[PDB]
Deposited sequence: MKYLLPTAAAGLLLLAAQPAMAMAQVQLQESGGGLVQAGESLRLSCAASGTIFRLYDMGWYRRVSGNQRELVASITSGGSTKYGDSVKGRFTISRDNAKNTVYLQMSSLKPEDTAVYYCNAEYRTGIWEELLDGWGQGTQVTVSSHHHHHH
């Protein structure tokens, strides 16, 4: 019964900066993976348990992904926003709830960011 909560939405004009955040809550043994997905599902950012990051093809690495382990939090820093980035962004996570159990993921609600 693990639930995720997102924060950091807004609506402004182009040429600005923002920061999104996602955080888990419930009974967890460990968390293994997080990420962010645009719009329709497509990868834009993903981090691991160790720290080896990765990115997507439609963005040329201009965003920044970071993870706080002790509070189970993942962030996203957006800067120099283009007018073609008006969509709905979603969070994700993977977890386990016991040492003798099965790996299973779980999505989140979503957040809206509008840019011109």
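- Residues of the deposited sequence missing from the coordinate set occupy positions 1 to 24, 64 to 67, 145 to 151.
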